[PDB]
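Encoded as structure tokens, the following chain is the form deposited in one PDB entry, with no partner shown.
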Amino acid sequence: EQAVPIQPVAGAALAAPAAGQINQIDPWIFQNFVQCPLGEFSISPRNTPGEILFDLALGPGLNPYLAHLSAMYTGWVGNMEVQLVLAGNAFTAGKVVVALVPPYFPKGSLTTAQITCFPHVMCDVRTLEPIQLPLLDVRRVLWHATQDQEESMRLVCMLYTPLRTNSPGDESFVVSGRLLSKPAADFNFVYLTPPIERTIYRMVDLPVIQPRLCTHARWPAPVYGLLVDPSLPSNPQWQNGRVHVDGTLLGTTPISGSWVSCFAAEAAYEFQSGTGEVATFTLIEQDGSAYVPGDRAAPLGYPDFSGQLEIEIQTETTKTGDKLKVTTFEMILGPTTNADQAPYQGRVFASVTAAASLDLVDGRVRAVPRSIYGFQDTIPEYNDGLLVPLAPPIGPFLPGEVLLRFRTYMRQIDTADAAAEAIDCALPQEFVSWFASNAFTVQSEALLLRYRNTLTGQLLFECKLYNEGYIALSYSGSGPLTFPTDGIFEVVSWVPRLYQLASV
């Protein structure tokens, strides 16, 4: 190892009296260096001193073996050993500082003038052998708990003295550094309990379902292909199909795939001597519950696209030539208002253009959409002309990155062309349901996906799934680019935000 101004720290010699058991580990784990997650960095000549290369906290998450073994235990104590590996030839200059931050330290930005005060080591970029460091366990309690995120001593590495090298015309230069770790000879678990599957250290996975069979979240119709292009606005404001990875729903996205673009309301029918009878709908949640205004722009499943739409609402007739019928009503959701539709307050109006006043009975009807007229990709009038709370627009994106859109086609009334519409969304419905049900634990920033074919095994492209619930690609073209609907998404690992993908 290396000399560091710190005292030896006791491990299991302190927690033995106050713990029921002390459990050993397989001895073949103390002899292997396994890469820690998020333990990679790349230094480039354009970087400036003071950039935080990486930081990570001591725990059972620094080793897949320990992270898996910590499901049937309760606590853990002890120190670990860490190895830093740098790639660089003998025509390089620069220096990097590696420190040992104490646990209870304020969270903020560290300038290069402050990082050196901690017990630290200084490493050149020309170093040949890997650099070894200890990672003790400084605490105030006898042992930690495996199901709680406590405070533990961290490791922070930041660039100290910048890099000076020449560069060819193709790949300028990148000094790559990687981190490995292993438990020391003083690591022990505490109490044996029956295994728990839904633990905190669970890698995120995705359902094995091809995109051709998914269900769109903005309109009840199957997905008919996915694509990416820069023509459309970079930051839309869709209120359906938004979800966090951790399992919290934003906007007005419903849990099931049948509530989309449909609403439940109590109806009141009153004949009007002009166009026809007029129905006023007081909205109510689909499951059946009082609707009160809040942070949601509308009741769950309400449409989030502007245009002219019609629905079927299971009419009833008290006249004697029949008892129950279904006929098409009329709805207006486009811009320019000219109506008194207040979904936020729970009040909608509908009408049918027909004479010979009908006989109707109010029957707390449902509603299912049929088709649209004049689709516009803007939000509708949630209030009269006021502002209502809503989800933030999708963004921001790294330069040269573009959103991936799942696309479907609508039914049209236009008398000019019948090509497409075509409605886009960020995620299909089953992904939303999966993320809502499982409720994973987000680790750092984002996931690295891979859209590989099932049979041949060749890889199509690499995409990044941000924590906010959208997928971005490193595309630098000019025209629309579609993709096949056969491959299966996979999860690679967590990556930092400032990660550069492979261009497609």
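Throughout, rigid core stands for the largest set of C-alpha atoms superposing within 1.5 Å between the two forms. Residue positions are given as counts along the sequence shown, with the first one as 1.
The same protein also has a form deposited in another entry, omitted here; what follows describes it.
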query: Rigid-core fit between this form and the one not shown, the member of 52, 442, 459, 449 whose C-alpha shifts 2 angstroms or more; finding: 52
query: C-alpha of residue 25 off by 2 Å or more between this form and the one not shown on rigid core; finding: yes
query: Core-superposed comparison between this form and the one not shown, residue 202 Cα displacement 2 Å or beyond; finding: no
query: Threshold 2 Å Cα movement between this form and the one not shown at residue 469, rigid core reference; finding: no
